[PDB]
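Next comes just one chain, in structure tokens: the form solved without ligand 9J3.
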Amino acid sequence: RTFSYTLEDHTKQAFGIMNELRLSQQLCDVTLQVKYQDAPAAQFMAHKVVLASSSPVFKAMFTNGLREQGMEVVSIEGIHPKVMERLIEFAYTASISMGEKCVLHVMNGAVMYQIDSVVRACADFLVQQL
């Protein structure tokens, strides 16, 4: 009496569209403004719900109480823009790529945003290089 269907590729397909929307800067409600030491400032527009879905730190940051009035700007320090870029790309694509010289910095950034999957991968890479 009951009919039930699951599209296994759905979440992959949907994230592809959400990443398209990020890159076309559509429906974005947070701008991450990243200024790290000597490097020129950079900014990244994104969707709070997507960032919250991949990082407990972003989730707590955006779900404070009575949900917000429009596009919010967030100041980020302590992470190089190139690392934040790769973490955002991970949240939107499930993949991350970097040079061996950046693995430590990406791991530092993944710890800062509690992106546990990237922490494990980076930790395991560092240890294999021993």
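Just count from 1 along the sequence shown to find any residue number. The term rigid core refers to the most C-alpha atoms you can superpose between the two forms while keeping them within 1.5 Å. Shifts are known only where both forms have a C-alpha.
Form solved in complex with ligand 9J3: not shown, discussed below.
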Given ligand 9J3 as it appears in the bound PDB entry, superposed onto the chain shown via the C-alphas lining its site, indicate whether the pocket is open or blocked by backbone or C-beta atoms at a 2.4 Å cut-off with 3 or more atoms counting as blocked.
open
In contact with ligand 9J3 in the bound PDB entry (heavy atoms, 4.5 Å), from 47-55, 75-83, 27-35, 60-68, is stretch 75-83
Whether 98, 102 and 105 jointly form a contact site for ligand 9J3 in the bound PDB entry is the question; each needs a heavy atom within 4.5 Å.
yes
Core-aligned C-alpha movement of residue 85 between this form and the one not shown reaching 2 Å:
no
Once the core is aligned, please say if the CA of residue 67 is shifted by at least 2 angstroms between this form and the one not shown.
yes
For residues common to both forms, which consecutive runs of 3 or more show C-alpha displacement of 2 Å or more between this form and the one not shown upon rigid core superposition, listed in sequence order?
65-68
